[PDB]
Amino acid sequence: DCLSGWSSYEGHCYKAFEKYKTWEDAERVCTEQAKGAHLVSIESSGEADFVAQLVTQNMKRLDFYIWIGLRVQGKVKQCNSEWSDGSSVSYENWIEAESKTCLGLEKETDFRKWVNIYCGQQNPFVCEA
């Protein structure tokens, strides 16, 4: 079953946190909740909507992106290795905040679609265990 304050959905427990943490920090708070807990992994439509419903029913402010467990593994600003002309991408000059390699949910899409955002943003999140 679930701990006090955690909602169950198909054998898992979820809890929305209204703390403004970065992706790594958010993931850390989940990991501290239980051996096996992490940020939420949306793995089906029904789960997508449960989470969407959880967020709108538990978060006092829907003005931010809510972090979910999907992100790019590595320290790469982009994974396309060639320009459209064939050349290799050697030189780069990215603004650190432009590499939106972490994902979140937002009101504009009803917390059902995943949005590309800068991992260094401070957003609330959902943990799943």
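Residues carry their position along the shown sequence, with the first being 1.
- Stretches compared: 58-66, 38-46. Higher mean C-alpha B-factor in the entry: 58-66.
- Taking the mean C-alpha B-factor of each stretch as recorded, 98-106 and 69-77 are not equal, and the higher mean is that of 69-77.
- The residue among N93, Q53, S87, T31 whose C-alpha atom has the highest B-factor in the PDB entry is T31.
- When the modelled residues of the chain are ordered by C-alpha B-factor, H12 sits in the middle third.
- The PDB entry assigns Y20 a C-alpha temperature factor belonging to the highest third of its chain's modelled residues.
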